[PDB]
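Coordinate analysis (summary)
The primary structure of each chain is shown beneath.
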Amino acid sequence: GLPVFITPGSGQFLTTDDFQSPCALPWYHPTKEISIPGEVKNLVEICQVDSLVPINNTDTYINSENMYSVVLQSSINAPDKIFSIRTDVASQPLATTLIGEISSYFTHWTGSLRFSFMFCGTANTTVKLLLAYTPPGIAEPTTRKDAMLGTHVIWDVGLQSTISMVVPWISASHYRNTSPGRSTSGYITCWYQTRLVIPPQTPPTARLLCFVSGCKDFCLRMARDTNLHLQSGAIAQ
Amino acid sequence: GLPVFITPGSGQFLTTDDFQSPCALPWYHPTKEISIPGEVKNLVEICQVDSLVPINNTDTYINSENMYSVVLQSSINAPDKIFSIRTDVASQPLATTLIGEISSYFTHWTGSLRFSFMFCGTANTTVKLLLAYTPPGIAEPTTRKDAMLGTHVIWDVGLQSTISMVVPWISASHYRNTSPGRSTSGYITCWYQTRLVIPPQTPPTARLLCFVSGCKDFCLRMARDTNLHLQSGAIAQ
Amino acid sequence: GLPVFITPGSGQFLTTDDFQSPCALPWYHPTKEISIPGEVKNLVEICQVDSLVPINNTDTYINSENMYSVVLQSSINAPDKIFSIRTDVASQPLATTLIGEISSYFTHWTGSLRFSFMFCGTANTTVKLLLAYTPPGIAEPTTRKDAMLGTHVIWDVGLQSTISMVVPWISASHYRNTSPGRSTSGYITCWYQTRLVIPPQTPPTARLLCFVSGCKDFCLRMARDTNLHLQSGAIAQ
Amino acid sequence: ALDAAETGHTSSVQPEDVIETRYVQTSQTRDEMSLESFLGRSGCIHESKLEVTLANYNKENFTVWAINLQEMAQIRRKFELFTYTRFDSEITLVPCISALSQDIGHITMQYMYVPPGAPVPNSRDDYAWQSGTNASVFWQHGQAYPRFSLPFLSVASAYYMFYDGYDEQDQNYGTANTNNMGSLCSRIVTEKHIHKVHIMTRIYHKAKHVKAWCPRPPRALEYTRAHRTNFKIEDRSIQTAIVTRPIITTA
Amino acid sequence: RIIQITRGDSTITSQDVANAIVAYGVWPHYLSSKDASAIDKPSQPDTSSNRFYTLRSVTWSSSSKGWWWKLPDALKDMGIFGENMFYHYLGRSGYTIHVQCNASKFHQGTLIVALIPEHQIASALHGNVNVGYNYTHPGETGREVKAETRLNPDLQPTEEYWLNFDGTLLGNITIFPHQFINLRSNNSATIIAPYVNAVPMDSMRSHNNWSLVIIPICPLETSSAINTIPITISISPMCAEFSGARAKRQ
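Note that residue numbers begin from 1 in each chain and follow the written sequence, not necessarily the entry's scheme, while residues that lack coordinates are absent from the view. Ligands are numbered from 1 and chains lettered from A, in the order in which they are written. These chains belong to a larger assembly; the numbers reported describe only the chains shown. Note: side-chain values were computed over all heavy atoms of the structure, leaving out hydrogens and water. Residues with missing side-chain atoms are left out of burial classes, side-chain pairs and their counts.

Header annotation of the entry names cryo-EM as the structure determination method and lists the resolution as 7.1 Å.

Chain D goes by Capsid protein VP1 in the PDB entry, where it is assigned to rhinovirus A2.

You'll find chain A entered in the PDB entry as VP3, with rhinovirus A2 given as the organism.

Okay, structure coming up:
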């Protein structure tokens, strides 16, 4: 036979290998691909989907819809903070979003994130609000003016339902690690730019729902078996 | 399958082998090479760098800058020897130079060496000095006239700072072994060609610093895990 | 991978194999071949060299030059035999010649052999001599006339120093075995064709030296680790 | 022949200046001196020693090692020669079984590259031995040496050989910040069996398709602390590669 | 052997100097669209910060042992440069550096100046220790080298200058772009460098992407009563850029 000689890396199985292989079932033929709707080629189209943050991750809301929602108080003359979050894609709560899980299935990420926000309160009601981002190396802001020094948007709550805005990609490195240990990507932070004003005898309350998705900018590397989910023992049947 | 038959040298690992190998991480893609400054292709560009000899390798200077330096005595009417060294690239002290270490990482060497010398004394001061080389098979010289029979340079200490000169390659063989055991390459030797003259009430002293590098002529073979450095036990972390 | 299947003769080492093999020392480069004199391509050029037979292989001469030489007796009015030898290339003494050793390193031989002879006696002296060969299947001759029936030369000892002559290749087979066991190739035999005549008060003596080499006709096969030399135990160092 | 070394530029360059030379075909290749040579020879990197524990075979019989080039001196000193370097990696495994018992039988062994934020195996029975996308690879008694090609990994252009600061809240100064490659892992795949054995893997690598960035001076003294350039060892003194002599006028 | 220098608004000369080698020959430049990571159009203060600034006077003696700085931290207080650095998560800049060191015709001694990369300093103490931020980031105040009693020693860097503070031999330090102040050769010395990193731009306050070292290779002396001379260093940043604007960093 041809004189051949064998390199190391022979005779192993690697779960992430790439090769031809022989057939168990020669002469077989598969069923034809009918034109089923809902084609897909990549994970990024899933990233493009807006999904809700369970923003309001606490005991009093977790076992319910309400952890996707925040409640606003039209009673308050103040500039102050409504909420804040990290921005690291596999941090809590963001990891629990589908982009979060897809990022949690991965080790590297890059590109800017889309964020979106609906004024879910009574149609008769008005406000304008500050949604802001904090470039890190610094504490999460404690005045509205701090957030005004960050990159931010002021929401003209017009007839249109939703404000949508982007955390710009400002990683030193072209990628960042998907889960921080002792590390940070920056903060989302939210504030009363005006007070919220309902008209008289409206419910003394309002709701806000918050969305995120990958921008056209977004991408991942180092697919890894995700942090997000655990199996204990045998899966019964 | 094709009739094949297997030669010896199969199934070993050689730390110095050469082959293709299969990927652990298929479909991955590396980060782009940005145009970082400080490109390199070969070790010879490092050889081209002048580095100081720790010429003055003794107890009284070793734990300090001063082993890179020699002190001259303007008080002396004499022709006599200032210093001398071997020329074998991996001999002490030369081995400790970066060309020394690179040679110490290697078994064969060839080509002529550049040597350079600054009159580090007071700007007002004058001398001319003999830098000389001894072709071996012979003892290291004991008169200045001996060195004058060797290949040598007399330093016109003009406005210009430095004299630079070459030990010619005069190996019988096109290469020489990088470290001698019971063997020799020749000597550097240094002498008062004139007395050193300071003008009155100058410091009664002067300094000289000495440099070496590979010439355009220089090259190495048989890269080997260097003599120069030792690991004892485990490297802790 | 390609469907392959393995023939016997795999996985052995044969000291006389032929193959490519992988490098222990990739990227290395050898020293250039300078034009050293004394080129060689084959063993036959060594065969072409005349070397002396230690013709006179006995106790009284062995530990000396004299076993290369024979002594002639100008005192004798006789036709009779001066010496005789086998012709089998690896027989004693011929094996000890360099063609002998080269043949002893081999199992088959072919082609005619050159033989040569100098009248080493006093320049003033004259003779003519019979050098003869015996085609075998027969005893070594016991009269000069017997040798005269064999193929032979009568030496006109003119001004010129040497007679040179050939045992013709008369093997039944195109080759013969290099060493005979219970076998024979024929004889060299030497005789006084005239008496040897010195002029008066010359030394009562003469010398003859004898040479052999491969002719242009000569060749070998089945290189084998030679009979001629033995190692006992370990070779010390 | 005269210059100002103080310029920073290398000194008077030319050998023909001070020797009346004959023409010579100086014709010796620098190719062994290439980076794809000098980096591009393999060497050992780390030592995966394990004992097969019996009493909880299912728990203990695995190891994990933080990937670095910083704890075998020769390889370390190749890379401790630059600011940064980039390469693809031949990786080669030299698994060895040592018997503490009359036989070893058949044995099979797992390895996994654990990139950071993969769930680290806690147990020789951990579900983390499943590896749908992690590079995991197998060896067993009588099998040839495993190898794989690992491409250049970094989030940056090149690996930091050194770094001059911190992860942003200011600890782990230097490479312990930048060089989070995660870890290699190993684990016995054969189930519980009677043979007390040690498994040792020597792991090797060669950098090829190499590039390197701004050379820096070689390490002068014994290593000490992997990521950290520390060298002043405890109850010890700084005995460098330089050796002293009695007088500077004697060679 | 004369030069004049002009950056952003400010100018420098020596009339006894040999020109800088440009580090690796790469004259400083802005990032490229081909290589960049950051998405914004970044902050170009140009003339208002690619201009000179200079450090407090050090001074030296025959007894002196060495000095160094880490950049950009050594310039954190340089007005526009300093705040533009502190207000961004990232930036990049090269540097032009000149060291000012005149003596009389009647002095001897020499310093080596080395520009140096990440220069990852070793601890003073043995064992499980590493350098603390206060010392890696000395600011413009820098690190002179001294014989004694630096507190928090476990977090101090080593003082071992001839081991380059990292366990590498001095004298091979000429591997980097470097010059000598030699009092005969010159009265000043100069070096210029582009930006560099494994990354197209970097977290300025978190990582000293360049460093600068000056060492008394040969002892200062004169017979004159002026037994000591100051040294000072001036730097201009080059092509300086900043990205990810937010609050001032603490």
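Still to come is the rest of the account.
**Some thoughts on the layout of surface pockets**
How we decide: The method works on a 1 Å grid over the protein atoms by themselves. A cavity is a set of points holding a 1.4 Å probe that cannot get out, a pocket is an open set with protein on both sides within 12 Å along at least five of seven lines, and residues with an atom within 4 Å of a point line them. Grid points are joined across faces, edges and corners, and a volume is the space filled by probe spheres set on the points.
Each pocket or cavity is described by its volume, and for the second largest pocket that value is around 1100 Å³. Taken together, 37 residues form the lining of the second largest pocket, with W169 and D217 of chain B together with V24, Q25 and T26 of chain D sitting closest to its centre.

**A closer look at the nonpolar core**
Put simply, the rule is: Put simply, a nonpolar core is a bunch of buried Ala, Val, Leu, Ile, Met, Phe, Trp, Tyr and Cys residues held in one set by side-chain atoms that sit within 4.5 Å of each other. Relative accessibility decides the category of a residue: with a 1.4 Å probe and only protein chains considered, values under 20% of the type maximum give buried, values over 50% give exposed, and everything between is partly exposed. Residues are treated as being in contact if the distance between any of their heavy atoms lies within 4.5 Å.
Grouped together as the largest cluster of nonpolar side chains are 131 residues, with contacts concentrated most on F83, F117 and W155 of chain B together with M33 of chain D. When near neighbours in sequence (up to four residues on either side) are disregarded, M33 of chain D contacts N42, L43, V44, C47, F106, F218, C219 and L220 of chain B. Core analysis: the second largest hydrophobic core is formed by 49 residues, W69, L183, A189 and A198 of chain E among them.

**Side note on the interface of chain E and chain A**
Spelled out, the test is: The term buried area means the drop in 1.4 Å probe accessible area that two parts suffer when joined, counted for both and summed. What qualifies as a polar contact is a pair of N or O atoms within 3.5 Å, subject to a donor-acceptor requirement within protein and to the restriction that residues adjacent in sequence count only when both atoms come from side chains. Secondary structure elements are defined from DSSP: runs of H or I of at least 4 residues count as helices, runs of E of at least 2 residues count as strands, and each element is numbered from the N terminus. Under this grouping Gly is polar, as are all residues other than the nonpolar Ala, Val, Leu, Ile, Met, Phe, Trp, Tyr, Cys and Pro and the charged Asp, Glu, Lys and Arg.
The partner chain A presents 13 residues to the 21 residues of chain E that form the contact. Carbon and sulfur atoms make up 64% of the surface buried where chain E meets chain A, a total of about 1300 Å² over both sides. Our count for the chain E to chain A interface comes out at 6 residue pairs in polar contact. Contributing elements (two or more residues each) for the side of chain E that touches chain A: β6 (88–100) and β12 (229–245) of chain E. Residue contributions to the side of chain E that touches chain A peak at 3 residues, all from β12 of chain E. Looking at the side of chain E that touches chain A residue by residue, the classes come out as 10 nonpolar, 5 polar and 6 charged.

**Quick notes on the sheet that holds strand β1 (residues 2–6) of chain B**
Quick reminder of the rule: DSSP calls a pair of strands paired once it identifies at least 2 bridges connecting them. Only the stretch in contact is used when fitting a helix axis, every axis being a line fitted to C-alpha atoms; angles between N-to-C directions are given from 0 to 180 degrees.
Read from one edge to the other, the open sheet built from 3 strands follows the order β1(A)-β1(B)-β1(C), with strand pairing classed as parallel. This sheet does not close on itself; its edge strands, each paired only once, are β1 (2–4) of chain A together with β1 (4–6) of chain C. Along the sheet, successive strands turn relative to each other by an average axial angle of 45°, direction set aside. Pairing geometry for β1 of chain B and β1 of chain C, over 3 bridges, is parallel. Considered in β1 of chain C, the bridge of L2 of chain B is made with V4 of chain C.

**Thoughts on helix α1 (residues 80–87) of chain E**
Because an α-helix packs 3.6 residues into every turn, residues spaced three or four apart end up facing the same way. Turning to α1 of chain E, its buried residues number three or more, namely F81, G82, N84, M85 and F86 of chain E. Those residues of α1 of chain E hidden inside the fold are in contact with β3 (53–54), β6 and β12 of chain E.

**A look at the pattern of salt bridges**
Defined as follows: Basic side-chain nitrogens of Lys or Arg form a salt bridge, by our definition, when they fall within 4 Å of a carboxyl oxygen of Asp or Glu.
The tally for this structure, following the rule as stated, stands at 23 salt bridges over all chains. Residue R202 of chain D pairs with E47 of chain D through a salt bridge whose shortest N-O separation is 2.8 Å. Of this pair, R202 of chain D sits in strand β10 (residues 197–215) while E47 of chain D sits in strand β2 (residues 43–51), and the two are 155 residues apart along the sequence. In this structure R202 of chain D comes out as partly exposed when scored by relative accessible area, which is 34%. In this structure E47 of chain D comes out as partly exposed when scored by relative accessible area, which is 38%. As a salt-bridge pair, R124 of chain D and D125 of chain D come within 2.7 Å of each other at their nearest N and O atoms. Taken together, the shared-partner salt bridges connect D17 of chain B together with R147 and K206 of chain D into one network.

**Let's talk about empty space enclosed by the protein**
Residue and element names in this part refer to chain D. Within this model, the largest cavity holds a volume of roughly 530 Å³. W65, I67, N68, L69 and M181 are the residues nearest the centre of the largest cavity, which is lined by 27 residues in total. The element best represented in the lining of the largest cavity is strand β4 (residues 82–99), accounting for 3 residues.

**Some remarks on the environment of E39 of chain B**
Mapped onto the fold, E39 of chain B is located in the loop between β1 and α1 (44–48). With 32 residues separating them along the chain, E39 of chain B and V71 of chain B place their C-alpha atoms 38 Å apart. Ignoring any residue separated from it by four or fewer positions in sequence, one finds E39 of chain B in contact with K211, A212 and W213 of chain D. At a separation of 2.7 Å, a polar atom in the side chain of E39 of chain B contacts the side chain of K211 of chain D.

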